[PDB]
Amino acid sequence: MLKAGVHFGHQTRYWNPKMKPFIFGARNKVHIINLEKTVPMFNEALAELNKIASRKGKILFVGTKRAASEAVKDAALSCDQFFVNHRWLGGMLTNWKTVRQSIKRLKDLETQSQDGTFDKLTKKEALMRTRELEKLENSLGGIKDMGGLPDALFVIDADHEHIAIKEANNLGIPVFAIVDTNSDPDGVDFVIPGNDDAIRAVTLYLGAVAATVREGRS
Amino acid sequence: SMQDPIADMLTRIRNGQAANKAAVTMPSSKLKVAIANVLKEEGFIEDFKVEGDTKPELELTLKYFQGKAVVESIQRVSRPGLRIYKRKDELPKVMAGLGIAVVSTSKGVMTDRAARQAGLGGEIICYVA
Amino acid sequence: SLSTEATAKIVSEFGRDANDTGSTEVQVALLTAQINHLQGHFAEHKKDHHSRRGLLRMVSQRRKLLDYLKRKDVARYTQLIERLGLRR
RNA sequence: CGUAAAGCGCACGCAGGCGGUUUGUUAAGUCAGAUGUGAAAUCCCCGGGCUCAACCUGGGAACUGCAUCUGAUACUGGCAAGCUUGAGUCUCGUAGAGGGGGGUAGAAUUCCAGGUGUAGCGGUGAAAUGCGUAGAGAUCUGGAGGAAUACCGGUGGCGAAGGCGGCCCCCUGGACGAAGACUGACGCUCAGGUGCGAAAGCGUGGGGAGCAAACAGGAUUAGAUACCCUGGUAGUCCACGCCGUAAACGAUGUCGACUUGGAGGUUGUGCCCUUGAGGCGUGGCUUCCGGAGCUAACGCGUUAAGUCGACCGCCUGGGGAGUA
Ligand SMILES: [Mg+2]
Ligand SMILES: [Mg+2]
Ligand SMILES: [Mg+2]
Ligand SMILES: [Mg+2]
Ligand SMILES: [Mg+2]
Ligand SMILES: [Mg+2]
Ligand SMILES: [Mg+2]
Ligand SMILES: [Mg+2]
Ligand SMILES: [Mg+2]
Ligand SMILES: [Mg+2]
Ligand SMILES: [Mg+2]
Ligand SMILES: [Mg+2]
Ligand SMILES: [Mg+2]
Ligand SMILES: [Mg+2]
Ligand SMILES: [Mg+2]
Ligand SMILES: [Mg+2]
Ligand SMILES: [Mg+2]
Ligand SMILES: [Mg+2]
Ligand SMILES: [Mg+2]
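Going by the header, the method for this PDB entry is X-ray crystallography, and the resolution given is 2.8000 Å.

Draft legend 1. Region of the structure containing empty space enclosed by the protein. Residues and elements named next belong to chain A. Estimates place the volume of the largest cavity at around 60 Å³. Forming the walls of the largest cavity are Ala 68, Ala 71, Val 72, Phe 154, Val 155, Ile 156, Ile 178, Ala 201, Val 202, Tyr 205 and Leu 206. Mapped by element, the contributors of at least two residues to the lining of the largest cavity are β3 (154–155) and α7 (201–213). Grouping the amino acids of the lining of the largest cavity by side-chain chemistry returns 11 nonpolar, no polar and no charged.

Draft legend 2. Representation of the pattern of salt bridges in the model. Residue and element names in this part refer to chain A. On inspection of all chains with the given rule, the structure shows 17 salt bridges over all chains. With its nearest N and O atoms 3.0 Å apart, the salt bridge here joins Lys 18 to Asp 184. Taken together, the positions of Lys 18 in the segment before α1 (35–38) and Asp 184 in the loop between β4 (176–178) and β5 (190–192) put the pair 166 residues apart, joining distant regions of the chain. Take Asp 184: its relative accessible area is 33%, and that puts it in the partly exposed class. Beyond isolated ion pairs, a larger network of salt bridges with shared partners links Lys 18, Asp 184 and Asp 186.

Draft legend 3. Geometry of the packing of helix α3 (residues 49–72) of chain C against helix α4 (residues 74–84) of chain C. Residues and elements named next belong to chain C. One can describe the packing of α3 onto α4 by two numbers: an axis separation of 5 Å at closest approach and a directional angle of 135°. By the criterion of interaxial angle, the relationship of α3 to α4 is oblique. Taken together, the residues of α4 that come into contact with α3 (itself represented by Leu 66, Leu 69, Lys 70 and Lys 72) are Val 74, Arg 76, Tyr 77, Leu 80 and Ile 81.

Draft legend 4. Representation of the domain arrangement of chain B within the structure. All names here are of chain B. In terms of domains, chain B is made up of domain 1 (1–71) and domain 2 (72–129). A separation of 18 Å is found between the C-alpha centroids of domain 1 and domain 2. The interface is formed by 17 residues belonging to domain 1 together with 16 residues belonging to domain 2. Summing the contributions of domain 1 and of domain 2, the shared interface buries around 1300 Å²; its carbon and sulfur component is 78%. Contact with domain 2 buries surface across domain 1, with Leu 10, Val 38 and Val 71 losing the most and accounting together for 35% of the total. The tally of links from domain 1 across to domain 2 stands at two salt bridges. Between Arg 76 and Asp 4 there is a salt bridge, with its nearest N and O atoms 2.6 Å apart. Remark: the boundary between domain 1 and domain 2 carries four residue pairs in polar contact. Those elements that provide at least two residues to the side of domain 1 that touches domain 2 are α1 (5–18) and α2 (30–41). If one sorts the elements of the side of domain 1 that touches domain 2 by residue count, α2 sits on top with five residues. Taken together, the residues of the side of domain 1 that touches domain 2 break down into 12 nonpolar, one polar and four charged.

Draft legend 5. Layout of the nonpolar core. Counting residues in each nonpolar core, the largest one holds 29 residues, and the members touching the most others are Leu60(A), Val62(A), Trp88(A), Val175(A) and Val188(A). Every residue in contact with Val62(A), bar those within four places of it in the chain, is listed here: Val84(A), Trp88(A), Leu153(A), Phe154(A), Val155(A), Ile156(A) and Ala164(A). Among the nonpolar cores identified, the runner-up in size contains 22 residues, and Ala36(B), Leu62(B), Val71(B) and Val102(B) belong to it.

Cut-off values and rules
- Note on numbering: residues are counted from 1 along each chain in the order of its written sequence, which can differ from the entry, and residues with no coordinates are hidden.
- Lettering of chains starts at A and numbering of ligands starts at 1, both following the order in which they are written.
- Although these chains sit within a larger assembly, the values stated refer solely to the portion shown.
- Derived side-chain values reflect all non-hydrogen atoms in the structure, with water molecules and hydrogen atoms excluded from consideration.
- Residues with missing side-chain atoms are left out of burial classes, side-chain pairs and their counts.
- The method works on a 1 Å grid over the protein atoms by themselves. A cavity is a set of points holding a 1.4 Å probe that cannot get out, a pocket is an open set with protein on both sides within 12 Å along at least five of seven lines, and residues with an atom within 4 Å of a point line them.
- Grid points are joined across faces, edges and corners, and a volume is the space filled by probe spheres set on the points.
- Elements are defined by DSSP. Helices are runs of H or I of four residues or more, strands are runs of E of two residues or more, and each kind is numbered from the N terminus.
- Residue classes follow a fixed rule: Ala, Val, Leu, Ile, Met, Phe, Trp, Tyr, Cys and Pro count as nonpolar, while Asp, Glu, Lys and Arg count as charged, and any other residue, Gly among them, counts as polar.
- For this document, the term salt bridge refers to a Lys or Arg side-chain nitrogen within 4 Å of an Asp or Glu carboxyl oxygen.
- Exposure classes here rest on a 1.4 Å probe applied to the protein chains alone. A residue is buried below 20% of its type maximum, exposed above 50%, and partly exposed in between.
- Helix axes use the C-alpha atoms of the stretch in contact, all axes being lines fitted to C-alpha atoms, and the angles between their N-to-C directions lie in the range 0 to 180 degrees.
- The scheme is simple: roughly parallel for angles under 35 degrees, roughly antiparallel for over 145, roughly perpendicular for 65 to 115, oblique for anything else.
- In this analysis, two residues are considered to be in contact whenever any of their non-hydrogen atoms come within 4.5 Å of each other.
- Segmentation into domains, and thus their bounds, comes from an automatic or database assignment.
- When two components associate, each loses some accessible surface as probed by a 1.4 Å sphere; the sum of these losses over both components is called the buried area.
- What qualifies as a polar contact is a pair of N or O atoms within 3.5 Å, subject to a donor-acceptor requirement within protein and to the restriction that residues adjacent in sequence count only when both atoms come from side chains.
- In these notes, a set of buried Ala, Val, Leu, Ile, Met, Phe, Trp, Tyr and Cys residues joined through side-chain atoms within 4.5 Å is what counts as a nonpolar core.

Structure, rendered in structure tokens:
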């Protein structure tokens, strides 16, 4: 049944009453979530997740923190999937139409990186323009092209991603997310208990989500 | 002070409901029961339960349908400070007809649909919808 | 506020037996006792305004209790006030 | 009715209102039916008559009411007998600036007396008035007197509110906890009524160090009936009796039931190799923060300003006036 070796639970006091039903913890000043209730939430989780991924999966593996950002620009990034691994530039969904050209400048630039003007102008402008592009790259990588409108959303840490999720809620976008003992649920349709800032429950489920979009209907 | 228990029922409900509370209990009585009945028989609660003898305990199982609580509102109407009584033709109908009014009569605690058919009337205990 | 020896004595003078402690008549009598005891504390002092509040309480408590009994068993009421000596 | 008009300064309680839970009885409240009555006109519905209309008229409908009779008994009221959780009584303890009385301690101030010692001290923004050559201030020693209790001391504790801080004894009120034992709805609220009620203020007597309305002097100022300075009387202290008001405020009436959380403070108590200065529970009170919810908003938020009930008090534009 279990597969999460050592993600057991996490998070001490800072608990959110509403996250009681998914708790059975009480180990030394910290809750262990209800392991045996998290897995029935891979059922439903990766299910309506894939059930749409074959209907065609457009995702947004949204998850930040200089401590798991790169481990999101991964097979999470790779597949039928888009992502954000830095500061969730607010209104990026709700104001996509303004931000849509924050994109044109990323391309119309890199498309021009080993092309267009580049080694020319000044060797001032140079890295003094790749700073324009470096900045853009993180926070606005995964976006690059959005071909199929943001369709579901998968987030690592419910509340830490206040804004992201809120926006979804506003635009009618499923929001699949894992929620720590401390975080507010109910912002999340398909809620996933368990730790949300340890190198494992990430990768595990993260990489496990990459494994279900990346395959649904050949 | 304990003075009005029927409001307390109506309330413990109203409250617990709003607290998405599974069940709820309280001191029982002939009267509390007759209503817990109509409440169930009209399908506002799952099912009641009286578990005692010297110190009886009414227990109601609440209901939640969509995400909401089934009982959208529950008010007193008569009360010690001010008793209400309606004749048959003057009986009230809640939410135009949807939801109901609990009226005690010379032939027992029954709804407004009920008492209206029975062709009588009494003390209108409370409103539910 | 009265002694265990003294309070006991009166339970045992008024109730069915020591243990029948909460009998109307007993309460009343052990109050009545403390009241009269007190009459000499507030004889001196007098400006013990605070303690006084407690004493009235004792009287108004006793008063309601005496009222109860009367309604209940009038027969027991009259005996009581006679024997305790009040209600001129 | 927190901050806009509005919670009585606080309490106790008569009348009054309201009242847990069970069975029987009653049939007053309540409900049902029947009968009678509810004048005609008017109103309203359908018609009819004046050339139309207003107007006139037929017939219904309606008069939501009242009474009488007979019934129904769930609720309320009455009578009866109970019940134990509401409320009391009982037992051993606990914490406390809760009250009343009496006793007592040290530190300082002022004063009185004396040693040493000598021209200043004191005060301000700066000054002066004041004080010192009859020796001041400074310092040391002895004494008198009154007033308040540093450190502890703390969003600490007690009380109904007012408000209560040295130490000790005596008298005394309340609150809380742990066991079970007793009474058995004895309860909640409360107009009228009664009690209490900071400071100031009044009356007779005391008492008087420091402080200080008034008043006097010195200054500042354009003026200075002030703020500052040097003085200082009522008063501030005690007993007895008055007065009855405060932003007497949480500007939030009392009682009860219900409703996610988080970190403390304080005070009981059960359990754990007491084997840790603790470990896990379980009551009372208290502070901060915050969820729903509530709010005009600020904010409140299990100590509600949320959700409901019982009763009381109070508001109805500003000024006039809490005046006549
Ligand atoms: Mg006001
Ligand atoms: Mg008040
Ligand atoms: Mg009853
Ligand atoms: Mg007529
Ligand atoms: Mg005509
Ligand atoms: Mg009855
Ligand atoms: Mg001295
Ligand atoms: Mg001296
Ligand atoms: Mg005591
Ligand atoms: Mg007085
Ligand atoms: Mg005075
Ligand atoms: Mg005087
Ligand atoms: Mg002066
Ligand atoms: Mg006043
Ligand atoms: Mg205050
Ligand atoms: Mg708060
Ligand atoms: Mg709390
Ligand atoms: Mg309230
Ligand atoms: Mg006047």
